[PDB]
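A.B. asks: This structure is in structure tokens; I'll ask about it shortly.
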Amino acid sequence: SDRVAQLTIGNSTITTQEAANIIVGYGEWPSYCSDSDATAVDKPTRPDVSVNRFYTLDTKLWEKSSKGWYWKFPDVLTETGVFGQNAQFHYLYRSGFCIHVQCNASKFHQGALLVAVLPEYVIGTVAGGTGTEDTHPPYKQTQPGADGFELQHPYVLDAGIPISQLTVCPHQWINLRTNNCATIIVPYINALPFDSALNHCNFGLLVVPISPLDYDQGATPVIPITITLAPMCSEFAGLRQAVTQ
Amino acid sequence: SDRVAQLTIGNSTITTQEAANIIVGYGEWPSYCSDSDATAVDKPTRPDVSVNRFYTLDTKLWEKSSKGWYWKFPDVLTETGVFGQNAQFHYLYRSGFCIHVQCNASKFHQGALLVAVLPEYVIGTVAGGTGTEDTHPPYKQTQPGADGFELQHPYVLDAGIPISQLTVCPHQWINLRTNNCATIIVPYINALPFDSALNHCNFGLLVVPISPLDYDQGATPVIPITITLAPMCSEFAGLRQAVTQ
Amino acid sequence: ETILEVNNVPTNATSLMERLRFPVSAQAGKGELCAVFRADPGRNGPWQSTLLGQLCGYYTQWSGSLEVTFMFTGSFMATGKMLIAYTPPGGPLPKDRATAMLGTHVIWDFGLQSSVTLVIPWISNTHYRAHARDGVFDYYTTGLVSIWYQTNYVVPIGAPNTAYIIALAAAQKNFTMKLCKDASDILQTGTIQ
Amino acid sequence: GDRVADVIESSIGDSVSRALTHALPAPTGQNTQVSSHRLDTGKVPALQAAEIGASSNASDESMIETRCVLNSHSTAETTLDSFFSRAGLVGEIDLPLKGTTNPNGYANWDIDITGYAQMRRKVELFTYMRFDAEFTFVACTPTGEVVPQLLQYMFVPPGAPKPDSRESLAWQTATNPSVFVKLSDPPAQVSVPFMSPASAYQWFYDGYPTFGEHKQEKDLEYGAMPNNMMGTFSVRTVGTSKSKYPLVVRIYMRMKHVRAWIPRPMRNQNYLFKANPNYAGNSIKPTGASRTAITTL
Amino acid sequence: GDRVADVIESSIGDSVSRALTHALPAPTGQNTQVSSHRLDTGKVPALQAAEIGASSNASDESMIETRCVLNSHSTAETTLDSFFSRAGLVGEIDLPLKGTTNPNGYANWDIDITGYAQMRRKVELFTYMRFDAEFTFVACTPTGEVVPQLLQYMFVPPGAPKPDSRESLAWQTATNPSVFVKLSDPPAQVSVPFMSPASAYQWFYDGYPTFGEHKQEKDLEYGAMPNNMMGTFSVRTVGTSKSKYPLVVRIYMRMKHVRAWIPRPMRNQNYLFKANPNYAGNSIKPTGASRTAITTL
Amino acid sequence: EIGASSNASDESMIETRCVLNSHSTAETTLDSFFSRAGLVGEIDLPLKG
Ligand SMILES: Cc1nc(-c2ccc(OCCCCCN3CCN(c4ccnc(N)c4)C3=O)cc2)no1
Ligand SMILES: Cc1nc(-c2ccc(OCCCCCN3CCN(c4ccnc(N)c4)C3=O)cc2)no1
């Protein structure tokens with residue numbers, strides 16, 4: 001009852017057998033904007049199927065010497081589907097997300113991941129190492145795309161903050177003895193009712209192994225990690241020509 | 001009251017001072033499809049603003065030795081806006097159209113056009129001229145684009161049918177002494193509730209001068225003709241990857 | 001439900017039972033292709049093995065939604081996930097897994113419940129569909145099915161590295177047929193004596 | 001929950017056809033009423049504006065002085081059943097002894113009304129049509145002579161095996177229909193339903209049937225919708241050996257239970273091909289006749 | 001008209017936030033109740049599953065034997081006003097006689113709390129904050145000595161002319177506010193509203209402010225939202241000639257009427273720059289302390 | 001393994017619309033499938049054979 005789950009939104013559908021319960025980020029569901037909070041006068045558009053469905057990004061690999069990854073949302077979908085081809089036309093954007101993660105393994109493998117959702121995860125460089133040299137992170141590390149970007153110093157999450165306290169955010173684990181997936185639902189987290197989808201990046205998904213993968217020879221070494229996600233309650237406003245960036 | 005008119009749909013708006021009344025093609029308004037007529041089970045999407053607004057195609061010229069033109073709908077909008085970038089994704093399509101035409105001139109100019117809407121306007125070649133040589137019309141004459149295509153034999157409309165009987169269709173004139181525009185509204189005309197937007201081309205707009213343009217020297221010779229149009233009650237279904245053609 | 005011959009490559013009389021099932025083995029994990037087939041029952045292909053595809057030979061037009069059920073004959077200690085997809089008409093065959101995803105798709109985890117149901121809904125301009133073939137009658141093509149790897153085929157020491165999947169094609173409750181006729185397959189050479 | 005206001009006041013989800021007009025009865029022409037002279041301003045029915053694209057509304061009463069006339073002239077013979085339900089030739093099938101067309105005693109005919117222009121030009125006034133039918137078959141030698149010969153007909157729908165010979169196995173006609181008939185008997189005659197997948201037979205399709213890079217070698221499929229190719233009609237002389245007699249078979253169609261849509265213009269140039277509106281370009285004859293002077297008959 | 005059904009049953013237009021939870025009062029800690037021994041199956045609070053990502057629910061009562069305890073320990077000092085409404089240093093402004101920073105008797109300070117880490121690390125626990133404030137100004141020479149000198153302050157909002165000198169015309173302060181004050185008087189002290197266009201001060205912005213081809217020479221605008229730059233704070237020694245006395249000015253912020261959102265982790269590496277979370281990479285000290293053996297203290 | 005067919009439907013796998021199906025099931029019956037004549041025999045009565 002708590003293990004088996006199904007997720008049907010749009011034309012698409014997900015099944016899973018060895019799962020856990022579902023999480024709702026910060027204790028509430030997505031929503032469309034109120035006429036009181038809102039400020040813009042133009043009538044939005046709300047497709048409700050062509051955008052609110054499961055998109056599948058890219059399939060990583062989990063070796064024994066792996067460190068971690070992150071993805072920025074909603075940057076991941078700005079070149080993918082009728083979602084992306086609306087977000088280029090319009091200027092204002094609002095949405096939620098459901099986020100599903102896959103990693104399977106047998107009953108001889110062992111490991112644990114941490115699947116967390118952090119709003120406004122600014123990236124910070126190392127200041128040249130000495131501390132004095134001021135630097136800034138390039139464009140391909142702040143909006144790396146759908147292909148993700150790998151961490152170098154995961155103990156501080158590349159921002160001077162520990163990973164030991166990342167559970168205060170909406171988190172889940174993937175202990176390969178117990179489960180094989182993590183489902184997280186998130187509302188729209190921002191101070192402003194609408195905001196751009198290309199410049200601003202509202203939150204970042206992280207996937208960091210704590211206990212490393214391990215097995216014995218004769219067993220399958222390739223242990224992929226796949227990332228699936230779906231917009232929800234998507235609105236758009238400010239129509240004009242398409243802007244890549 | 002009958003001369004001045006305004007047309008507000010979407011973010012856009014049209015004004016005109018010397019016009020005439022509005023026409024409704026074949027005596028009824030557009031509509032969304034009924035649950036009885038329809039056959040497909042998937043839930044459509046209905047943006048209602050991003051697609052149902054005025055698009056402006058291209059601006060022709062009207063000399064004294066001009067013959068005519070045509071445009072195929074809805075081929076004109078398959079590379080233009082969130083309309084076109086939905087029609088490539090999906091497979092099934094339904095819509096109406098409002099069609100507005102411009103041509104201005106002073107009170108010393110004279111001429112008359114005929115602005116007609118013909119469903120299923122197949123194009124026919126000349127059979128080599130002799131009659132025996134079987135030919136077929138190329139792809140750039142059946143789906144010529146938004147840049148339109150010019151007629152060669154307008155007395156038969158390039159299909160063995162006279163232009164003298166084109167008024168039985170939804171028609172209007174632009175007599176430069178009287179008016180300067182023609183507004184035509186059209187429902188969805190097809191035997192099937194949904195149909196593709198790329199292969200099929202449901203009807204063709206025609207613009208043929210009957211009485212030729214004429215003036216005297218010292219007067220402005222450039223007399224453009226602009227074509228404006230708006231989808232209405234647009235639906236889409238069958239999501240998948242984008243198909244140019 | 002009746003078995004579907006996705007693996008219709010062999011011809012010789014010893015390996016004809018191999019048509020019934022297609023394998024899945026262990027791979028790198030790049031999201032790669034395994035099998036494809038059309039959703040056209042009355043057309044020559046996998047669907048002729050069925051009792052559905054043989055009763056649509058005695059009837060021209062059809063309608064309704066279809067259903068394709070898969071089943072996994074692997075070991076209990078094996079795991080994996082797959083991405084089944086339905087690519088409607090018009091669109092070409094997907095080249096990668098990130099293109100078939102944009103259509104109707106299902107994801108299935110190997111487990112106790114050893115099966116999953118893909119459903120091929122009714123997406124058509126027409127209420128009915130006469131059967132399809134190469135020519136202008138590809139106006140009535142149904143689409144494509146295109147199976148992919150989502151994670152990998154993982155298995156421990158001691159178990160086999162390769163497994164087999166069996167498929168099972170059928171219809172739903174909105175299927176109909178009309179305009180009865182005679183089939184193409186007339187199983188007679190000369191005189192039955 | 002639909003708590004916003006732009007969703008409550010929305011026009012989305014309107015399965016109703018707003019119709020400005022509404023049909024009325026007219027079993028007879030209109031009765032001309034009486035009128036008298038008028039010498040007023042403002043009121044002026046003669047002056048119209050045709051730029052709007054609507055027809056006139058002036059009448060005999062409001063232009064001159066008329067009398068009362070009680071018109072009893074019916075409008076029943078201008079209907080569609082009374083205009084279309086009249087048989088006409090649609091096909092011919094030859095089964096000669098020795099020739100080049102069909103010498104082996106069989107023939108296949110692709111069901112297509114568009115081969116004779118008396119009946120094609122009536123239907124090509126409309127675009128979409130929904131009709132039952134009633135075919136009729138007239139068999140005869142070239143001299144008109146009547147001979148004692150047996151014949152078989154077989155409706156071959158789409159997707160069915162077309163016969164390739166006279167002694168074939170497709171003639172068992174277990175599931176297909178068929179009509180045995182002799183020539184000494186009267187004409188054969190059967191009824192037909194509306195057999196399309198669509199909701200109407202469209203005599204004009206502006207598009208291509210398939211997707212693809214439309215090259216010049218595949219432009220012969222312009223104007224081809226398979227929702228009108230209703231199959232094939234086969235015929236043969238029954239036997240194991242060849243026949244003693246030539247034959248010709250003529251097919252007549254009679255439409256009934258008709259509904260039509262989309263008036264459009266009428267052909268004025270000679271027909272050349274099928275499924276193809278092509279015309280001769282160097283021989284564009286006018287729509288009608290001609291004369292020498294506008295000021296003279 | 002919404003005549004279809006998929007529009008009636010639609011979830012579109014939902015301005016309501018479905019909340020699973022609901023706040024409750026807690027002026028005191030929870031009163032521990034009495035328990036006794038239990039030797040049952042099924043019931044098993046100790047065994048949790050943390051993969052779900054929720055905290056435990058086992059308590060003292062359901063693991064061991066407790067007594068009744070009537071807890072009166074308040075929870076009032078862990079609130080945000082009782083945690084943030086405590087002044088701290090946020091800035092310094094020097095007006096020396098002869099140097100290199102600000103020798104001409106004026107100084108501009110860009111309003112930014114992020115320059116001292118006792119107060120920065122308290123706010124960087126949260127992401128979005130909405131607060132009034134209460135600044136306080138302490139003037140003194142470097143020795144701490146107090147001198148008879150007159151001073152002027154002027155809040156320069158965005159879009160206003162920054163003064164470029166001591167004898168400038170921007171000091172008329174007709175529309176801008178200002179504070180004349182002496183050093184012989186007590187500290188100056190004024191109140192501040194919530195001045196942003198947005199609905200909250202976000203201490204963390206993940207994005208760029210502008211559109212464009214983001215080249216490497218314009219990466220210094222990463223993490224810059226102008227909805228927090230609340231302007232500039234100017235100060236000068238009143239007169240036409242230079243002063244006899246050096247000066248230093250210290251600025252203290254006290255937050256009140258606070259609301260916060262989005263808990264997130266806490267800094268463990270030393271701060272280096274402003275508007276920039278950078279850390280030293282070759283000097284990553286652990287989060288805390290260390291020892292020699294897990295099996296030993 | 002039970003040997004029974006599936007029960008999943010369009011409604012419980014994806015998002016559908018309302019559709020009022022009027023497609024008859026009368027031509028799949030047995031009389032409408034079998035009551036169509038066909039050849040079952042041949043009898044020859046030649047002159048000399
Ligand atoms: C026993 C036995 N049964 C029969 C028997 C034989 C034939 C029957 O089908 C008669 C259907 C008539 C079809 C009429 N249409 C509709 C559209 N269309 C075309 C054709 C070409 N181009 C275009 N653009 C349109 C056309 O031609 C039924 C019964 N006789 O023998
Ligand atoms: C007369 C006179 N009036 C005054 C007078 C002077 C100044 C006043 O504004 C005080 C507003 C306090 C602003 C506090 N915030 C909010 C966000 N934020 C930053 C800063 C840098 N980086 C980030 N990421 C965030 C920051 O620093 C009001 C009044 N004194 O003299």
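Just remember, in the structure tokens the first chain shown is A, the second B, etc., residues are 1-based per chain, and ligands are 1-based in the order shown.
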Please, which residues have at least one atom within 9 Å of an atom of ligand 2, using only C-alpha atoms and all ligand atoms, listed as a PyMOL selection string?
C.D. replies: chain E and resi 90+110-115+129-137+152-157+176-180+188-196+200-205+223-225+227-235+253+274-276
A.B. asks: Distance cut-off 7 Å, counting only C-alpha atoms - which residues of chain C neighbour chain A? Return them as a PyMOL selection string.
C.D. replies: chain C and resi 28-31+77-80+98+101+104-109+111+150-152+154-157
A.B. asks: Find the residues of chain B in contact range of chain A, meaning any atom within 10 Å when counting only C-alpha atoms, and list them as a PyMOL selection string.
C.D. replies: chain B and resi 10-11+42-51+80-82+85-86+88-90+236-242
A.B. asks: Output C-alpha atoms for every residue in the selection just made, as a compact mmCIF listing (two decimals), in the first residue's frame.
C.D. replies:
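Result written to again23.txt:
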# COMPACT_ATOMS: atom_id res chain seq x y z
CA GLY B 10 -5.90 38.45 -27.74
CA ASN B 11 -3.25 40.97 -26.86
CA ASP B 42 -7.22 12.16 -25.29
CA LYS B 43 -7.82 15.45 -23.55
CA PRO B 44 -6.97 18.38 -25.85
CA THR B 45 -5.26 21.62 -24.93
CA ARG B 46 -6.86 25.02 -25.44
CA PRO B 47 -4.44 27.93 -24.89
CA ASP B 48 -7.03 30.64 -25.74
CA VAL B 49 -4.61 33.63 -25.96
CA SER B 50 -1.22 32.57 -27.29
CA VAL B 51 -2.81 31.22 -30.49
CA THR B 80 4.81 31.47 -36.77
CA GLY B 81 4.31 31.68 -33.03
CA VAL B 82 3.11 29.36 -30.32
CA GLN B 85 5.09 25.35 -32.47
CA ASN B 86 2.02 23.48 -31.26
CA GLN B 88 4.31 20.66 -35.23
CA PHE B 89 4.16 18.80 -31.93
CA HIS B 90 0.60 17.60 -32.20
CA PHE B 236 -4.78 20.30 -30.51
CA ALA B 237 -4.29 16.62 -29.80
CA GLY B 238 -1.87 13.75 -30.28
CA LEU B 239 1.35 14.97 -28.66
CA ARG B 240 4.76 13.77 -29.91
CA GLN B 241 8.02 15.09 -31.45
CA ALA B 242 8.01 18.11 -33.76
A.B. asks: Could the residues of chain D within 12 Å of chain A, counting only C-alpha atoms, be given as a PyMOL selection string, please?
C.D. replies: chain D and resi 1-7+10+12
A.B. asks: Write a file of the just-selected residues containing N, CA, C and O atoms, as a CSV table (one decimal), in the first residue's frame.
C.D. replies:
chain,number,residue,atom,x,y,z
D,1,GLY,N,-10.3,23.0,-8.1
D,1,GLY,CA,-11.3,24.1,-7.9
D,1,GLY,C,-11.1,25.3,-8.8
D,1,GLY,O,-10.0,25.8,-8.8
D,2,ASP,N,-12.1,25.7,-9.4
D,2,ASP,CA,-12.1,26.9,-10.3
D,2,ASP,C,-12.4,28.1,-9.5
D,2,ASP,O,-13.5,28.7,-9.6
D,3,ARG,N,-11.4,28.6,-8.8
D,3,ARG,CA,-11.6,29.8,-7.9
D,3,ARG,C,-11.2,31.1,-8.5
D,3,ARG,O,-11.7,32.1,-8.0
D,4,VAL,N,-10.5,31.1,-9.6
D,4,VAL,CA,-10.2,32.4,-10.3
D,4,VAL,C,-11.5,32.8,-11.1
D,4,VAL,O,-12.4,32.0,-11.2
D,5,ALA,N,-11.5,34.0,-11.6
D,5,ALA,CA,-12.6,34.6,-12.3
D,5,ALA,C,-12.5,34.4,-13.8
D,5,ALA,O,-13.5,34.2,-14.5
D,6,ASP,N,-11.3,34.5,-14.4
D,6,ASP,CA,-11.1,34.4,-15.8
D,6,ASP,C,-11.4,33.0,-16.3
D,6,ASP,O,-11.6,32.8,-17.5
D,7,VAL,N,-11.5,32.0,-15.4
D,7,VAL,CA,-12.0,30.7,-15.7
D,7,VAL,C,-13.5,30.5,-15.6
D,7,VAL,O,-14.1,29.7,-16.4
D,10,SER,N,-15.0,32.2,-18.7
D,10,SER,CA,-14.4,31.8,-19.9
D,10,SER,C,-15.4,31.2,-20.9
D,10,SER,O,-16.4,30.7,-20.6
D,12,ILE,N,-14.4,29.0,-23.1
D,12,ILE,CA,-13.9,27.7,-23.5
D,12,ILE,C,-15.0,26.6,-23.1
D,12,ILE,O,-15.7,26.7,-22.2
A.B. asks: Would you mind listing, as a VMD selection string, all residues of chain D that have at least one atom within 7 Å of chain C, where only C-alpha atoms are what counts?
C.D. replies: chain D and resid 157 to 161 174 to 176 197 to 198 209 to 211 226
A.B. asks: Please check the contacts: residues of chain F at most 8 Å away from chain B, using only C-alpha atoms, listed as number ranges by chain.
C.D. replies: F: 10, 14-21
A.B. asks: Could you please determine the separation between CA of residue 255 in chain D and CA of residue 117 in chain D in Å, to one decimal place?
C.D. replies: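 A separation of 16.0 Å between them.
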A.B. asks: Quick one: of D:45, D:91, D:246, D:99, who's nearest to ligand 1, counting only C-alpha atoms and all ligand atoms?
C.D. replies: D:91
A.B. asks: Could you list the residues in chain F lying within 7 Å of chain C, using only C-alpha atoms, and format the result as a PDB file with N, CA, C and O atoms, in the first residue's frame?
C.D. replies:
ATOM      1  N   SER F   5      -7.268 -11.847 -18.677  1.00  0.00           N
ATOM      2  CA  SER F   5      -6.844 -10.691 -19.435  1.00  0.00           C
ATOM      3  C   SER F   5      -6.787  -9.466 -18.538  1.00  0.00           C
ATOM      4  O   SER F   5      -7.241  -9.469 -17.392  1.00  0.00           O
ATOM      5  N   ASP F  10      -8.378   3.309 -20.645  1.00  0.00           N
ATOM      6  CA  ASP F  10      -7.843   4.612 -21.015  1.00  0.00           C
ATOM      7  C   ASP F  10      -7.975   5.613 -19.879  1.00  0.00           C
ATOM      8  O   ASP F  10      -7.147   6.518 -19.746  1.00  0.00           O
ATOM      9  N   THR F  25     -22.468  -2.827 -32.641  1.00  0.00           N
ATOM     10  CA  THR F  25     -21.802  -4.123 -32.577  1.00  0.00           C
ATOM     11  C   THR F  25     -22.638  -5.208 -33.245  1.00  0.00           C
ATOM     12  O   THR F  25     -22.542  -6.379 -32.880  1.00  0.00           O
ATOM     13  N   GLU F  27     -22.753  -6.139 -36.575  1.00  0.00           N
ATOM     14  CA  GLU F  27     -22.206  -6.838 -37.725  1.00  0.00           C
ATOM     15  C   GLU F  27     -21.149  -7.864 -37.337  1.00  0.00           C
ATOM     16  O   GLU F  27     -20.697  -8.616 -38.204  1.00  0.00           O
ATOM     17  N   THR F  28     -20.764  -7.927 -36.066  1.00  0.00           N
ATOM     18  CA  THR F  28     -19.878  -8.964 -35.559  1.00  0.00           C
ATOM     19  C   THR F  28     -20.620 -10.175 -35.023  1.00  0.00           C
ATOM     20  O   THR F  28     -19.977 -11.093 -34.511  1.00  0.00           O
TER      21      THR F  28
END
A.B. asks: Should the cut-off be 6 Å, what would the residue list for chain F against chain D look like, counting only C-alpha atoms, as a list in words?
C.D. replies: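 Result, ordered by chain then number: residues 36, 37, 38 and 39 of chain F.
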A.B. asks: Next, dump the selected residues to file, keeping only N, CA, C and O atoms, as a PDB file, in the first residue's frame.
C.D. replies:
ATOM      1  N   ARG F  36     -23.698 -15.846 -45.303  1.00  0.00           N
ATOM      2  CA  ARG F  36     -23.137 -15.329 -46.541  1.00  0.00           C
ATOM      3  C   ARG F  36     -22.716 -16.536 -47.356  1.00  0.00           C
ATOM      4  O   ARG F  36     -21.823 -17.275 -46.932  1.00  0.00           O
ATOM      5  N   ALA F  37     -23.343 -16.734 -48.509  1.00  0.00           N
ATOM      6  CA  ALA F  37     -23.187 -17.980 -49.241  1.00  0.00           C
ATOM      7  C   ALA F  37     -21.747 -18.197 -49.683  1.00  0.00           C
ATOM      8  O   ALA F  37     -20.987 -17.252 -49.891  1.00  0.00           O
ATOM      9  N   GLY F  38     -21.376 -19.465 -49.809  1.00  0.00           N
ATOM     10  CA  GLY F  38     -20.079 -19.824 -50.340  1.00  0.00           C
ATOM     11  C   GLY F  38     -20.090 -21.213 -50.921  1.00  0.00           C
ATOM     12  O   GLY F  38     -20.970 -22.027 -50.635  1.00  0.00           O
ATOM     13  N   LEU F  39     -19.075 -21.480 -51.731  1.00  0.00           N
ATOM     14  CA  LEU F  39     -18.980 -22.730 -52.465  1.00  0.00           C
ATOM     15  C   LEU F  39     -18.604 -23.869 -51.537  1.00  0.00           C
ATOM     16  O   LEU F  39     -17.730 -23.726 -50.678  1.00  0.00           O
TER      17      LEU F  39
END
A.B. asks: Could you tell me, as a list in words, which residues of range 102-213 of chain B DSSP assigns to helix (DSSP H, G or I) when given the backbone?
C.D. replies: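 Everything in range 102-213 of chain B that counts as helix (DSSP H, G or I) is residues 139, 140, 141, 142, 154, 155, 156, 166, 167 and 168 of chain B.
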A.B. asks: When distances are computed from only C-alpha atoms, which of D:53, D:13, D:186, D:142 shows the smallest separation from chain E?
C.D. replies: D:13
A.B. asks: Of the candidates D:74, D:14, D:272, D:9, which shows the shortest atom-to-atom distance to chain E, using only C-alpha atoms?
C.D. replies: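 Residue with the minimum atom-to-atom distance to chain E: D:14.
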A.B. asks: Report the residues of range 58-130 of chain E whose backbone DSSP state falls under strand (DSSP E), written as a list in words.
C.D. replies: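 Taking range 58-130 of chain E and keeping strand (DSSP E) only, one gets residues 88, 89, 90, 91, 92, 93, 94, 106, 107, 108, 109, 110, 128, 129 and 130 of chain E.
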A.B. asks: May I have the residues from that selection written out with N, CA and C atoms, as a tab-separated table (two decimals), in the first residue's frame?
C.D. replies:
chain	number	residue	atom	x	y	z
E	88	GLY	N	23.29	44.89	16.20
E	88	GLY	CA	24.63	44.48	15.86
E	88	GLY	C	25.21	45.36	14.78
E	89	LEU	N	26.53	45.28	14.66
E	89	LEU	CA	27.28	46.13	13.75
E	89	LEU	C	27.07	45.70	12.32
E	90	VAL	N	26.86	46.68	11.44
E	90	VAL	CA	26.60	46.42	10.03
E	90	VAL	C	27.47	47.27	9.12
E	91	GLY	N	28.14	48.28	9.66
E	91	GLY	CA	28.90	49.17	8.81
E	91	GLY	C	29.84	50.06	9.58
E	92	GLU	N	30.77	50.65	8.83
E	92	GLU	CA	31.69	51.64	9.36
E	92	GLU	C	32.00	52.66	8.28
E	93	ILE	N	32.12	53.91	8.69
E	93	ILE	CA	32.36	55.04	7.81
E	93	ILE	C	33.44	55.88	8.47
E	94	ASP	N	34.54	56.10	7.76
E	94	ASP	CA	35.66	56.88	8.26
E	94	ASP	C	35.71	58.23	7.57
E	106	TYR	N	33.74	63.89	3.35
E	106	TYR	CA	32.48	63.25	2.99
E	106	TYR	C	32.74	61.78	2.76
E	107	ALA	N	31.67	61.00	2.73
E	107	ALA	CA	31.77	59.57	2.51
E	107	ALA	C	30.42	59.02	2.11
E	108	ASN	N	30.43	58.08	1.18
E	108	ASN	CA	29.24	57.36	0.73
E	108	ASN	C	29.40	55.90	1.13
E	109	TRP	N	28.35	55.35	1.72
E	109	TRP	CA	28.32	53.95	2.12
E	109	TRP	C	27.12	53.25	1.48
E	110	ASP	N	27.39	52.15	0.79
E	110	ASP	CA	26.38	51.38	0.09
E	110	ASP	C	25.69	50.47	1.09
E	128	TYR	N	14.26	34.21	2.62
E	128	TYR	CA	13.38	35.34	2.39
E	128	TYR	C	13.00	35.93	3.74
E	129	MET	N	13.14	37.24	3.88
E	129	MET	CA	12.85	37.91	5.14
E	129	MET	C	12.15	39.24	4.88
E	130	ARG	N	11.22	39.57	5.76
E	130	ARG	CA	10.37	40.75	5.65
E	130	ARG	C	10.40	41.43	7.01
A.B. asks: Residue 231 in chain A: which residues within 6 Å, counting only C-alpha atoms, same-chain residues fewer than 6 positions away excluded, as a CSV table (one decimal) with C-alpha atoms, in the first residue's frame?
C.D. replies:
chain,number,residue,atom,x,y,z
A,52,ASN,CA,2.2,19.1,-17.3
A,96,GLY,CA,5.3,23.5,-9.6
A,97,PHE,CA,7.2,20.2,-10.1
